[PDB]
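Novice: Sharing a structure here in structure tokens format.
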Amino acid sequence: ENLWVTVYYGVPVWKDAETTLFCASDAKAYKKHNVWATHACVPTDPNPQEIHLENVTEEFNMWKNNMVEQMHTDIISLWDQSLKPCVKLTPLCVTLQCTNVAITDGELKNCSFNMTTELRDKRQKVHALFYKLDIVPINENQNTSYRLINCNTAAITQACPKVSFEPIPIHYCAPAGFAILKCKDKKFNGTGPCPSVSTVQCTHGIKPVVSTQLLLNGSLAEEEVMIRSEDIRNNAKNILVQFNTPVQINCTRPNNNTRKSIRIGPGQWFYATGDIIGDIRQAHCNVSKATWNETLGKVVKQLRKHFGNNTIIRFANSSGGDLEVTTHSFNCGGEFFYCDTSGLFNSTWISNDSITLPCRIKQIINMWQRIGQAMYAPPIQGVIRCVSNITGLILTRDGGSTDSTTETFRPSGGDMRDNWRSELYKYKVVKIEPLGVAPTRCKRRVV
Amino acid sequence: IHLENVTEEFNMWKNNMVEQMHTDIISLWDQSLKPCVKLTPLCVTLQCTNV
Amino acid sequence: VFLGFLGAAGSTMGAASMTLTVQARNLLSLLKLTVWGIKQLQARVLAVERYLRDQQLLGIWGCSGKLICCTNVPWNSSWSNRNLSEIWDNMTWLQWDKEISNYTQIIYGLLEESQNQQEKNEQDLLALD
Amino acid sequence: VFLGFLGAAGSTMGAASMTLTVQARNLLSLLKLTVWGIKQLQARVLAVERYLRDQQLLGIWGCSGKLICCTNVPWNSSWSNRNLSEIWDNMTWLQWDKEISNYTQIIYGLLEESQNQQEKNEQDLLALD
Amino acid sequence: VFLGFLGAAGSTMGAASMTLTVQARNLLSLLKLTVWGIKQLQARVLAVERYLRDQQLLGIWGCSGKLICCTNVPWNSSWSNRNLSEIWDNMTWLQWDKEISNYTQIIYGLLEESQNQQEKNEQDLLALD
Ligand SMILES: *[C@@H]1O[C@H](CO)[C@@H](O[C@@H]2O[C@H](CO)[C@@H](O[C@@H]3O[C@H](CO[C@H]4O[C@H](CO[C@H]5O[C@H](CO)[C@@H](O)[C@H](O)[C@@H]5O)[C@@H](O)[C@H](O)[C@@H]4O)[C@@H](O)[C@H](O[C@H]4O[C@H](CO)[C@@H](O)[C@H](O)[C@@H]4O[C@H]4O[C@H](CO)[C@@H](O)[C@H](O)[C@@H]4O[C@H]4O[C@H](CO)[C@@H](O)[C@H](O)[C@@H]4O)[C@@H]3O)[C@H](O)[C@H]2NC(C)=O)[C@H](O)[C@H]1NC(C)=O
Ligand SMILES: *[C@@H]1O[C@H](CO)[C@@H](O[C@@H]2O[C@H](CO)[C@@H](O[C@@H]3O[C@H](CO)[C@@H](O)[C@H](O[C@H]4O[C@H](CO)[C@@H](O)[C@H](O)[C@@H]4O)[C@@H]3O)[C@H](O)[C@H]2NC(C)=O)[C@H](O)[C@H]1NC(C)=O
Ligand SMILES: *[C@@H]1O[C@H](CO)[C@@H](O[C@@H]2O[C@H](CO)[C@@H](O[C@@H]3O[C@H](CO)[C@@H](O)[C@H](O)[C@@H]3O)[C@H](O)[C@H]2NC(C)=O)[C@H](O)[C@H]1NC(C)=O
Ligand SMILES: *[C@@H]1O[C@H](CO)[C@@H](O[C@@H]2O[C@H](CO)[C@@H](O[C@@H]3O[C@H](CO)[C@@H](O)[C@H](O)[C@@H]3O)[C@H](O)[C@H]2NC(C)=O)[C@H](O)[C@H]1NC(C)=O
Ligand SMILES: *[C@@H]1O[C@H](CO)[C@@H](O[C@@H]2O[C@H](CO)[C@@H](O)[C@H](O)[C@H]2NC(C)=O)[C@H](O)[C@H]1NC(C)=O
Ligand SMILES: *[C@@H]1O[C@H](CO)[C@@H](O[C@@H]2O[C@H](CO)[C@@H](O)[C@H](O)[C@H]2NC(C)=O)[C@H](O)[C@H]1NC(C)=O
Ligand SMILES: *[C@@H]1O[C@H](CO)[C@@H](O[C@@H]2O[C@H](CO)[C@@H](O)[C@H](O)[C@H]2NC(C)=O)[C@H](O)[C@H]1NC(C)=O
Ligand SMILES: *[C@@H]1O[C@H](CO)[C@@H](O)[C@H](O)[C@H]1NC(C)=O
Ligand SMILES: *[C@@H]1O[C@H](CO)[C@@H](O)[C@H](O)[C@H]1NC(C)=O
Ligand SMILES: *[C@@H]1O[C@H](CO)[C@@H](O)[C@H](O)[C@H]1NC(C)=O
Ligand SMILES: *[C@@H]1O[C@H](CO)[C@@H](O)[C@H](O)[C@H]1NC(C)=O
Ligand SMILES: *[C@@H]1O[C@H](CO)[C@@H](O)[C@H](O)[C@H]1NC(C)=O
Ligand SMILES: *[C@@H]1O[C@H](CO)[C@@H](O)[C@H](O)[C@H]1NC(C)=O
């Protein structure tokens with residue numbers, strides 16, 4: 001009947017905490033120096049240990065998750081670390097005089113301009129092809145002298161040609177004393193109590209696929225397709241969608257471009273586009289209309305579960321923002337594509353003929369809302385073609401005072417973090433507090 | 001401290017101290033050149049005559 | 001019977017108290033200026049810092065070597081009124097830590113003062129002869 | 001008689017077991033971004049990390065304070081069939097560690113489970129009255 | 001009665017010896033390359049390095065768990081000739097450490113050798129039967 005406190009060291013007790021995670025990737029061997037894997041990420045253990053926690057029920061919140069905020073700052077910081085040593089194209093802001101590529105009734109333009117040479121006193125005139133988006137006319141009156149789009153706002157640096165932009169699986173690990181809780185509930189929505197929970201030291205192979213509008217190469221939701229949002233009632237917050245069946249999308253750049261290596265200084269090398277060899281075709285992606293119409297129908301079924309079992313569900317193209325947010329932007333073999341998705345979100349729902357999408361390309365880009373530094377993607381030699389998985393989406397309501405009679409859904413890409421949340425919805429970081437004090441009928445011996 | 005009775009196998013060719021020292025000299029060199037003056041403008045065309 | 005790290009987190013406190021070794025093991029175990037290197041090194045220092053703090057508390061409570069140690073501090077009923085069967089056969093360490101997290105700091109202070117600071121002086125005066 | 005750090009590495013296991021204190025002592029003891037600074041700081045963190053791991057094993061085996069500790073685990077003959085005189089007066093710790101490095105992981109698991117995880121619960125039920 | 005960290009630094013050695021827990025507690029507890037970050041991380045590694053060194057000495061003296069431990073080493077009078085009342089009721093730990101800082105290294109060597117290196121072998125030969 002006399003109770004005394006006793007210290008237990010190693011009690012399964014944890015508390016919500018945010019710590020500094022680190023990198024971990026398999027032992028992939030090779031060209032290399034891919035930005036994300038870096039020179040050294042801790043190689044994944046030959047065998048990971050996933051330990052299911054019986055009887056455990058933990059509250060999750062993918063929208064207040066700090067793993068997202070950390071990953072975001074890691075991608076940004078990794079990008080800058082790879083641009084620092086590469087060649088900066090400060091002298092490439094010389095006035096450009098551009099002409100058309102002949103044809104009657106032009107996305108790319110043939111530009112001639114003078115560029116410095118190895119020797120300070122000598123100069124050289126070189127001709128290189130450019131895309132319309134990367135250039136603006138220096139007159140508007142108009143004459144026809146053009147300049148690079150970035151020279152007015154921020155400097156520019158050329159991405160090194162060796163580093164590759166292909167995402168590889170990356171595992172986010174937590175330090176000793178902390179742990180990661182994975183929600184294995186198939187039907188798990190955005191937030192809430194997860195009945196089935198397990199613990200792991202590192203996450204699964206998460207590929208840092210930077211996309212917009214459409215989610216590519218992600219992980220497929222099990223069982224039914226999932227509709228995740230922070231506030232379905234609030235139109236302002238985006239809507240994450242995860243497919244149970246992946247749709248296939250083929251993007252190609254049929255032009256047989258060429259790489260022109262023009263030295264612009266001692267050691268500095270600039271890689272310009274070389275006249276195209278062969279026909280002049282524009283890049284485009286294909287999607288099977290049967291699968292997409294089927295996949296889009298499965299989405300509207302889960303959509304009605306939150307907007308009434310019967311309601312008008314239409315789809316329109318992006319009507320807000322410009323440039324990145326209006327086009328399904330992404331990377332493919334080193335070239336940055338920008339596709340018009342009006343053909344995919346152009347339906348209305350109530351109660352082998354593959355779709356084609358126009359894609360334009362740029363070589364000067366400012367990703368992640370970066371203000372101050374632009375990057376020049378060196379031209380990729382040969383024909384480019386990449387087959388990717390479209391696993392998720394990012395939608396948004398139009399809002400307004402419509403009496404709930406009809407609901408409209410448009411794509412968007414407001415923030416880059418939503419891409420990370422599409423793969424970090426199931427994980428959570430907690431710290432282990434192994435000191436527990438409890439009363440027992442034991443007493444220390446006075447001896 | 002001499003280790004009596006000890007007999008150890010050596011291999012100066014598979015020694016990792018060499019590989020480490022090599023990368024240390026290289027990295028030390030670059031660390032000393034970074035703050036010094038870079039002669040990018042010294043690539044002007046030179047007109048040279050005999051002494 | 002081993003379930004793994006934190007396997008008994010949903011079990012009763014009595015069942016979890018049997019596998020404290022499991023949590024004890026996995027509780028500690030040209031330019032390297034990469035973003036990963038700075039994160040890793042800072043993560044490693046954070047892990048040993050938390051481990052040494054808990055081992056520090058066990059030290060000042062005279063319980064360094066053991067996972068289960070008994071003390072001299074009596075259980076003040078204001079902390080919890082629950083009987084032994086209700087505590088050890090009806091509650092998990094999680095919901096227990098939540099019920100007593102309020103008085104943990106007070107309990108830790110009594111745990112370092114009441115015994116091991118009194119015990120050591122009395123141990124010298126006892127083995128003094 | 002002191003020979004120095006690792007002096008008895010070629011001596012018999014019995015002779016080496018007498019100077020374990022020697023190995024125990026020397027086992028732990030504008031911009032600073034120099035290549036040496038990064039190496040040093042990373043080296044210092046590596047030293048304390050290895051030391052704390054061995055002290056962690058001694059902790060979960062209930063042998064924290066001692067250099068020589070006895071256990072409850074019986075010596076399974078499949079590990080080594082050698083008698084005491086042959087082990088302690090004919091072998092060095094090096095060639096011993098090579099002969100038993102095969103079953104070390106199994107032995108470490110039995111060492112943390114068999115006694116100190118059983119010993120602590122039985123210690124509470126014994127001092128329970 | 002608590003005065004705080006180092007509160008009894010000017011008190012007699014006997015009075016200061018009562019609050020050793022106070023000193024024991026507070027004894028351990030895009031680019032992060034800022035001058036502060038390098039200083040902080042290097043400061044944190046320095047703190048755990050000093051703590052582990054003192055805990056290392058307590059380990060090799062068989063006094064790991066305790067703040068007050070008795071040994072087998074007799075007090076050689078050449079170190080200090082002062083009686084117990086004069087030492088513990090007339091001197092502070094500061095002026096004591098100054099009077100004995102001269103022979104501290106010799107005393108530490110006798111403290112690790114005389115008992116715990118002899119004690120552990122005799123403990124095995126005693127519990128050998
Ligand atoms: C979503 O996930 C999808 C699933 O993966 C992604 O789909 C991926 O799309 C990317 C493109 O965005 C593809 O990468 C590129 O594929 C090109 C086509 O691959 C063909 O050739 C393969 C060659 O075969 C070798 O490798 C295979 C691998 O298993 C091996 O079995 C075989 O034995 C052999 O060793 C063949 O296997 C394939 O089946 C195809 O037929 C490929 O050519 C690209 O490689 C280029 O480019 C990358 C990045 O730019 C570089 O890292 C490479 O080193 C290589 O670049 C070198 O070669 C070029 C060839 O023209 C040159 O132009 C370059 O200048 C360069 O040459 C220099 O370097 C060489 C090496 O040092 C030197 O020898 C030279 O002298 C030069 O110095 C690239 O891999 C993926 O293949 C594709 N995935 C799959 C599974 O197919 C999709 O992209 C994802 N979506 C998003 C948004 O991320
Ligand atoms: C593009 O999308 C398609 C969509 O299916 C995708 O194909 C699938 O990839 C997965 C892996 O991500 C394959 O699943 C694995 O298949 C291998 C080989 O058969 C098995 O050994 C695996 O077994 C286990 O792992 C599963 C989890 O992945 C566990 O659930 C299971 O318990 C086992 O431990 C695993 O099943 C799958 O087979 C294919 N689908 C088809 C039809 O082949 C494709 O990978 C995507 N492309 C890219 C580049 O990502
Ligand atoms: C972009 O503009 C440049 C001009 O600055 C074009 O380069 C010129 O292209 C013409 C083809 O109409 C070349 O004519 C050929 O010249 C070679 C010289 O060896 C000769 O052997 C052929 O018989 C023919 O006359 C011309 O040489 C070339 N000039 C230079 C300096 O390269 C370029 O073709 C234009 N590209 C595009 C895609 O518009
Ligand atoms: C390398 O070439 C330079 C020329 O650019 C040489 O410099 C010139 O050397 C002549 C000697 O032949 C100098 O003549 C002297 O000029 C001074 C001027 O104060 C005058 O007082 C003397 O009476 C004599 O005329 C000339 O000044 C000098 N020019 C300059 C600009 O310094 C140089 O000597 C050559 N060195 C070698 C090693 O070839
Ligand atoms: C995900 O499912 C959980 C159910 O556990 C939802 O949590 C409830 O949400 C409703 C409104 O949607 C609130 O009235 C309840 O108070 C919530 N319960 C708890 C325990 O928080 C959550 O809202 C769902 N999220 C989404 C985006 O649908
Ligand atoms: C793209 O154009 C290049 C030419 O620059 C083609 O490469 C040539 O291919 C032929 C084969 O028909 C070889 O005989 C030549 O030696 C190649 N030359 C070079 C410079 O590579 C390439 O085949 C074209 N690719 C496509 C898809 O049309
Ligand atoms: C995208 O490309 C892939 C392959 O390049 C296409 O998959 C092929 O589909 C046809 C059926 O129409 C099969 O006969 C082939 O065997 C498939 N090839 C491979 C490699 O799987 C896919 O159909 C294309 N999708 C679209 C929308 O065009
Ligand atoms: C190129 O350089 C020459 C010589 O410096 C100059 O006369 C000419 O105007 C320049 N042309 C262009 C298009 O910059
Ligand atoms: C959206 O669709 C309209 C047709 O109603 C079209 O004129 C417009 O160019 C499209 N804009 C984008 C950004 O897709
Ligand atoms: C939408 O589909 C209709 C009907 O086929 C077609 O007339 C229209 O051009 C399409 N619009 C877009 C933006 O794709
Ligand atoms: C915890 O303590 C706070 C402050 O005394 C009190 O308001 C709260 O009700 C307590 N909750 C517990 C211990 O259940
Ligand atoms: C060590 O173990 C391996 C695998 O069981 C065995 O092949 C080898 O012969 C053993 N060597 C020893 C312990 O002498
Ligand atoms: C300390 O030791 C030194 C060297 O033996 C001696 O010169 C000095 O007088 C001593 N001072 C003390 C211990 O008071």
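By convention in this document, the chains of the structure tokens carry letters A, B, ... by their order, each chain's residues are numbered from 1, and ligands are numbered from 1 in the order they are shown.
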Dump the neighbourhood of ligand 5 as an MDAnalysis selection string: all residues within 7 Å, distances computed on only C-alpha atoms and all ligand atoms.

Specialist: chainID A and resid 189:193 228:232

Novice: May I ask you to extract the residues of chain C within 9 Å of chain D, using only C-alpha atoms, and to give them as a PyMOL selection string?

Specialist: chain C and resi 17-21+24-25+28-33+41+44-45+48+52+64-70

Novice: Output C-alpha atoms for every residue in that selection, as an mmCIF file, in the first residue's frame.

Specialist:
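part00.cif, written as the output of this step:
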```cif
data_model
loop_
_atom_site.group_PDB
_atom_site.id
_atom_site.type_symbol
_atom_site.label_atom_id
_atom_site.label_comp_id
_atom_site.auth_asym_id
_atom_site.auth_seq_id
_atom_site.Cartn_x
_atom_site.Cartn_y
_atom_site.Cartn_z
ATOM 1 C CA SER C 17 8.384 -2.377 -19.228
ATOM 2 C CA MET C 18 9.677 -5.828 -20.254
ATOM 3 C CA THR C 19 11.288 -4.673 -23.516
ATOM 4 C CA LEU C 20 13.154 -1.553 -22.408
ATOM 5 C CA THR C 21 16.376 -2.969 -23.888
ATOM 6 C CA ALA C 24 17.888 1.425 -25.236
ATOM 7 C CA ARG C 25 19.854 -0.050 -28.148
ATOM 8 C CA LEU C 28 22.149 6.140 -29.661
ATOM 9 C CA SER C 29 23.394 4.211 -32.714
ATOM 10 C CA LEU C 30 37.351 18.084 -51.914
ATOM 11 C CA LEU C 31 35.076 20.021 -49.556
ATOM 12 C CA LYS C 32 32.831 18.266 -47.032
ATOM 13 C CA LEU C 33 30.790 21.487 -46.711
ATOM 14 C CA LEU C 41 27.293 16.377 -38.577
ATOM 15 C CA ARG C 44 25.025 13.387 -35.077
ATOM 16 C CA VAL C 45 25.876 15.990 -32.432
ATOM 17 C CA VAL C 48 24.665 12.227 -28.590
ATOM 18 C CA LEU C 52 23.993 12.143 -22.640
ATOM 19 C CA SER C 64 23.262 4.880 -14.107
ATOM 20 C CA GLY C 65 23.775 1.172 -14.756
ATOM 21 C CA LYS C 66 20.162 -0.003 -14.643
ATOM 22 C CA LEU C 67 17.054 0.271 -16.819
ATOM 23 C CA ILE C 68 14.779 -0.309 -13.799
ATOM 24 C CA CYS C 69 15.734 1.436 -10.585
ATOM 25 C CA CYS C 70 13.828 1.899 -7.329
#
```

Novice: Could you list, as a count of residues only, all residues that come within 7 Å of ligand 12? Count only C-alpha atoms and all ligand atoms.

Specialist: 5

Novice: Using only C-alpha atoms and all ligand atoms, which residues have at least one atom no more than 8 Å from ligand 3? Output them as a VMD selection string.

Specialist: chain A and resid 99 to 101 109 to 112 126 to 129 274 to 276

Novice: Output N, CA and C atoms for every residue in the selection just made, as a short mmCIF file (atom, residue, chain, number, x, y, z; two decimals), in the first residue's frame.

Specialist:
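out-v8.cif, freshly written:
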```cif
data_model
loop_
_atom_site.label_atom_id
_atom_site.label_comp_id
_atom_site.auth_asym_id
_atom_site.auth_seq_id
_atom_site.Cartn_x
_atom_site.Cartn_y
_atom_site.Cartn_z
N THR A 99 16.83 37.05 -86.60
CA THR A 99 15.97 36.88 -87.76
C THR A 99 15.21 35.57 -87.64
N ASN A 100 14.19 35.41 -88.48
CA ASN A 100 13.41 34.18 -88.52
C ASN A 100 14.29 33.04 -89.02
N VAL A 101 13.88 31.85 -88.67
CA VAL A 101 14.58 30.62 -88.98
C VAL A 101 14.74 30.25 -90.44
N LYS A 109 14.20 31.64 -83.08
CA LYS A 109 14.74 32.68 -83.94
C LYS A 109 16.25 32.53 -84.06
N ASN A 110 16.76 32.89 -85.24
CA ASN A 110 18.19 32.84 -85.53
C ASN A 110 18.81 34.17 -85.14
N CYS A 111 19.70 34.15 -84.16
CA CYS A 111 20.27 35.36 -83.58
C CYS A 111 21.77 35.40 -83.82
N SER A 112 22.25 36.54 -84.31
CA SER A 112 23.67 36.83 -84.42
C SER A 112 24.02 37.96 -83.46
N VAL A 126 29.22 35.34 -83.45
CA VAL A 126 28.69 33.99 -83.51
C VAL A 126 27.17 34.07 -83.67
N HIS A 127 26.61 33.04 -84.30
CA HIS A 127 25.18 32.92 -84.51
C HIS A 127 24.67 31.70 -83.76
N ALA A 128 23.55 31.87 -83.05
CA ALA A 128 22.99 30.79 -82.26
C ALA A 128 21.47 30.93 -82.24
N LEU A 129 20.78 29.80 -82.27
CA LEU A 129 19.33 29.79 -82.23
C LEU A 129 18.83 29.98 -80.80
N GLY A 274 22.80 24.88 -81.98
CA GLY A 274 23.31 24.84 -83.34
C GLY A 274 22.13 24.70 -84.27
N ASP A 275 22.20 25.30 -85.46
CA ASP A 275 21.06 25.18 -86.36
C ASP A 275 20.45 23.79 -86.27
N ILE A 276 19.12 23.73 -86.33
CA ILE A 276 18.42 22.46 -86.24
C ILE A 276 18.66 21.66 -87.51
#
```

Novice: Calculate how many Å separate atom 67 (O, counted along the ligand's line) of ligand 1 from CA of residue 26 in chain B, rounding to one decimal.

Specialist: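 So the two atoms, atom 67 (O, counted along the ligand's line) of ligand 1 and CA of residue 26 in chain B, lie 27.2 Å apart.
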
Novice: Can I get the residues close to ligand 8 as a PyMOL selection string, where close means within 6 Å and we count only C-alpha atoms and all ligand atoms?

Specialist: chain A and resi 97+113-114

Novice: Those selected residues, please, written with N, CA and C atoms and delivered as a PDB file, in the first residue's frame.

Specialist:
```pdb
ATOM      1  N   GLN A  97      20.736  40.682 -82.592  1.00  0.00           N
ATOM      2  CA  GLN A  97      19.969  40.955 -83.801  1.00  0.00           C
ATOM      3  C   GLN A  97      19.509  39.615 -84.360  1.00  0.00           C
ATOM      4  N   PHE A 113      25.238  37.904 -82.936  1.00  0.00           N
ATOM      5  CA  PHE A 113      25.684  38.889 -81.963  1.00  0.00           C
ATOM      6  C   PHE A 113      27.157  38.649 -81.686  1.00  0.00           C
ATOM      7  N   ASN A 114      27.825  39.698 -81.220  1.00  0.00           N
ATOM      8  CA  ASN A 114      29.248  39.645 -80.925  1.00  0.00           C
ATOM      9  C   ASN A 114      29.471  39.243 -79.476  1.00  0.00           C
TER      10      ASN A 114
END
```

Novice: Grab me every residue within 7 Å of ligand 9, counting only C-alpha atoms and all ligand atoms, and send it over as JSON, numbers by chain.

Specialist: {"A": [317, 318, 319, 326, 340, 341, 342]}

Novice: Those same residues - N, CA and C atoms - I'd like them written as a PDB file, in the first residue's frame.

Specialist:
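Output contents, as saved in again-v2.pdb:
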```
ATOM      1  N   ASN A 317      -9.569  25.335 -68.253  1.00  0.00           N
ATOM      2  CA  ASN A 317      -8.129  25.534 -68.227  1.00  0.00           C
ATOM      3  C   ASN A 317      -7.753  26.617 -67.221  1.00  0.00           C
ATOM      4  N   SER A 318      -6.469  26.645 -66.874  1.00  0.00           N
ATOM      5  CA  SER A 318      -5.972  27.637 -65.931  1.00  0.00           C
ATOM      6  C   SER A 318      -6.218  29.042 -66.461  1.00  0.00           C
ATOM      7  N   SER A 319      -6.838  29.882 -65.632  1.00  0.00           N
ATOM      8  CA  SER A 319      -7.151  31.257 -66.000  1.00  0.00           C
ATOM      9  C   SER A 319      -6.416  32.275 -65.140  1.00  0.00           C
ATOM     10  N   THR A 326       0.589  28.557 -65.484  1.00  0.00           N
ATOM     11  CA  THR A 326      -0.416  28.281 -66.502  1.00  0.00           C
ATOM     12  C   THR A 326      -0.089  27.069 -67.364  1.00  0.00           C
ATOM     13  N   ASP A 340       0.538  23.229 -72.690  1.00  0.00           N
ATOM     14  CA  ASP A 340      -0.816  23.735 -72.505  1.00  0.00           C
ATOM     15  C   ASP A 340      -1.737  22.562 -72.191  1.00  0.00           C
ATOM     16  N   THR A 341      -2.389  22.611 -71.030  1.00  0.00           N
ATOM     17  CA  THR A 341      -3.221  21.517 -70.546  1.00  0.00           C
ATOM     18  C   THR A 341      -4.707  21.748 -70.806  1.00  0.00           C
ATOM     19  N   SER A 342      -5.050  22.699 -71.679  1.00  0.00           N
ATOM     20  CA  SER A 342      -6.458  22.964 -71.963  1.00  0.00           C
ATOM     21  C   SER A 342      -7.161  21.733 -72.525  1.00  0.00           C
TER      22      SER A 342
END
```

Novice: What lies within 10 Å of residue 11 in chain E using only C-alpha atoms, ignoring chain neighbours under 5 positions off, as a list in words?

Specialist: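 Here the answer would be residues 16, 17, 88, 89, 90, 91, 92, 93 and 94 of chain E.
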
Novice: Could you give me, as a tab-separated table (two decimals) with C-alpha atoms, in the first residue's frame, the residues within 9 Å of residue 161 in chain A, counting only C-alpha atoms and dropping anything in the same chain fewer than 3 positions from it?

Specialist:
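Saved file part.tsv follows:
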```tsv
chain	number	residue	atom	x	y	z
A	86	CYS	CA	29.42	26.76	-63.40
A	158	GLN	CA	24.94	28.36	-67.29
A	164	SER	CA	21.99	15.74	-64.56
A	271	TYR	CA	27.11	26.06	-75.25
A	377	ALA	CA	19.83	25.23	-69.62
A	378	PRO	CA	22.47	24.20	-72.16
```

Novice: Hey, list the chain A side of the contact with chain E: 9 Å cut-off, only C-alpha atoms, answer as a PyMOL selection string.

Specialist: chain A and resi 73-74+76-77

Novice: Please give the complete set of residues from range 37-124 of chain C that DSSP, run on the backbone, assigns to strand (DSSP E or B), formatted as a PyMOL selection string.

Specialist: chain C and resi 68-74

Novice: Convert the current residue selection to file output with N, CA and C atoms, as a PDB file, in the first residue's frame.

Specialist:
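What landed in again_26.pdb:
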```pdb
ATOM      1  N   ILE C  68      15.812  -0.381 -14.826  1.00  0.00           N
ATOM      2  CA  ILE C  68      14.779  -0.309 -13.799  1.00  0.00           C
ATOM      3  C   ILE C  68      15.495  -0.035 -12.495  1.00  0.00           C
ATOM      4  N   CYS C  69      15.169   1.089 -11.873  1.00  0.00           N
ATOM      5  CA  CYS C  69      15.734   1.436 -10.585  1.00  0.00           C
ATOM      6  C   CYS C  69      14.627   1.883  -9.643  1.00  0.00           C
ATOM      7  N   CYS C  70      14.746   1.485  -8.379  1.00  0.00           N
ATOM      8  CA  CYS C  70      13.828   1.899  -7.329  1.00  0.00           C
ATOM      9  C   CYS C  70      14.442   3.030  -6.516  1.00  0.00           C
ATOM     10  N   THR C  71      13.588   3.886  -5.974  1.00  0.00           N
ATOM     11  CA  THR C  71      14.055   5.090  -5.301  1.00  0.00           C
ATOM     12  C   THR C  71      13.497   5.127  -3.881  1.00  0.00           C
ATOM     13  N   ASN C  72      13.730   6.244  -3.195  1.00  0.00           N
ATOM     14  CA  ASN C  72      13.191   6.469  -1.863  1.00  0.00           C
ATOM     15  C   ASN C  72      12.007   7.421  -1.870  1.00  0.00           C
ATOM     16  N   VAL C  73      11.731   8.061  -3.001  1.00  0.00           N
ATOM     17  CA  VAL C  73      10.671   9.059  -3.100  1.00  0.00           C
ATOM     18  C   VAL C  73       9.318   8.364  -3.025  1.00  0.00           C
ATOM     19  N   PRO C  74       8.479   8.712  -2.057  1.00  0.00           N
ATOM     20  CA  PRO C  74       7.129   8.151  -2.011  1.00  0.00           C
ATOM     21  C   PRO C  74       6.243   8.795  -3.061  1.00  0.00           C
TER      22      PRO C  74
END
```

Novice: Residues of chain B were defined as contacting chain D if any atom lay at most 12 Å from it, counting only C-alpha atoms; please report them as a PDB file with C-alpha atoms, in the first residue's frame.

Specialist:
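Dumped everything to selection00.pdb:
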```
ATOM      1  CA  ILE B   1      55.079   2.431 -27.665  1.00  0.00           C
ATOM      2  CA  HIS B   2      56.667  -0.732 -29.036  1.00  0.00           C
ATOM      3  CA  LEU B   3      54.291  -3.701 -29.264  1.00  0.00           C
ATOM      4  CA  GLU B   4      56.229  -6.813 -28.282  1.00  0.00           C
ATOM      5  CA  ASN B   5      55.314 -10.104 -29.986  1.00  0.00           C
ATOM      6  CA  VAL B   6      53.094  -8.250 -32.488  1.00  0.00           C
ATOM      7  CA  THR B   7      53.306  -9.037 -36.207  1.00  0.00           C
ATOM      8  CA  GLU B   8      51.037  -7.057 -38.538  1.00  0.00           C
ATOM      9  CA  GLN B  20      43.820  11.065 -48.052  1.00  0.00           C
ATOM     10  CA  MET B  21      47.062  13.058 -48.098  1.00  0.00           C
ATOM     11  CA  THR B  23      43.295  15.025 -51.604  1.00  0.00           C
ATOM     12  CA  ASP B  24      44.548  17.189 -48.722  1.00  0.00           C
ATOM     13  CA  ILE B  25      47.390  18.751 -50.722  1.00  0.00           C
ATOM     14  CA  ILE B  26      45.065  19.408 -53.665  1.00  0.00           C
ATOM     15  CA  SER B  27      42.376  20.947 -51.455  1.00  0.00           C
ATOM     16  CA  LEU B  28      44.972  23.025 -49.593  1.00  0.00           C
ATOM     17  CA  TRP B  29      46.243  24.454 -52.889  1.00  0.00           C
ATOM     18  CA  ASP B  30      42.801  25.654 -53.995  1.00  0.00           C
ATOM     19  CA  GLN B  31      42.139  27.163 -50.562  1.00  0.00           C
ATOM     20  CA  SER B  32      45.190  29.412 -51.013  1.00  0.00           C
TER      21      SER B  32
END
```

Novice: Enumerate residues in contact with ligand 10: an atom-to-atom distance of at most 12 Å, counting only C-alpha atoms and all ligand atoms. Format the result as a ChimeraX atom specification.

Specialist: /A:314-319,340-348,355-358,410

Novice: Kindly give the distance, in Å, that separates CA of residue 429 in chain A and CA of residue 417 in chain A, rounded to a single decimal.

Specialist: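 Interatomic distance here is 17.6 Å.
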
Novice: Once you count only C-alpha atoms, which residues of chain A turn out to be within 12 Å of chain B? Could you give them as a PyMOL selection string?

Specialist: chain A and resi 116-123+264-268
